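Shown here is one chain on its own, the form deposited in one PDB entry, set out as structure tokens.
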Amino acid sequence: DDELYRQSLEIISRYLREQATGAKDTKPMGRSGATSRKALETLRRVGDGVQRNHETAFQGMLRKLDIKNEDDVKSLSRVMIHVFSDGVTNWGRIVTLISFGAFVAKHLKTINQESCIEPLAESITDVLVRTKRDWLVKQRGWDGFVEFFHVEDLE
């Protein structure tokens, strides 16, 4: 995970940043590269799906969390660790984790707090890897992520 954390962080960062700014992740990924780009495209189609089907839940949880500044951001990781670390692990739960990540980043930009997007990203990444590296390793990681969701809605 001196590379699974970094690659995970690369996907999650670029995803949250493009969801927050509406600007597309140009500039290269740096290893494994294509794996990461294709994961990001997947994350767009799948993560858009999760936000559309869960808008009421997402809106309600974002409001209950009441996020105004980065000091809130440092205390979110412990709510997020608490919620995500119990129960079965599956790719659907990981994409929900990240999608609500994006949701929060869009909020952060709306209240002019873009700066917290990076810490938020890192926090998501740490929670995911800290808690699931083994699972992620034996689902063949982000290549496993690309294939399981095999985009057959865009072709």
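Counting begins at 1, following the sequence as shown. Definition used throughout: the rigid core is the maximal C-alpha set that superposes within 1.5 Å between two forms.
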{"query": "Residue range whose averaged C-alpha B-factor is higher in the record, 10 to 18 or 132 to 140", "finding": "132 to 140"}
{"query": "Comparing 32 to 40 with 45 to 53, the one whose average Cα B-factor in the PDB entry is higher", "finding": "32 to 40"}
{"query": "Which of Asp86, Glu70, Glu122, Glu114 ranks first by CA B-factor in the deposited coordinates", "finding": "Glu70"}
{"query": "CA B-factor placement of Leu65, once the chain's modelled residues are sorted into thirds", "finding": "highest"}
{"query": "Modelled-residue ranking by C-alpha temperature factor, third containing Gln59", "finding": "highest"}
{"query": "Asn90 - which third its CA temperature factor falls in, relative to the rest of the chain", "finding": "highest"}
{"query": "Chain thirds of CA B-factor: placement of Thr26", "finding": "highest"}
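There is also a form deposited in another entry; it is not shown, and the following applies to it.
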{"property": "Only residue that shifts (Cα, 2 Å or more, rigid core superposed) between the shown form and the other one, among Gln59, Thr110, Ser115, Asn90", "result": "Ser115"}
{"property": "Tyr15 and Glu114, C-alpha gap in the other entry relative to this structure (3 Å or more)", "result": "farther"}
{"property": "In the other entry, whether the C-alpha atoms of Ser75 and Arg93 sit closer or farther than here (change of 3 Å or more)", "result": "closer"}
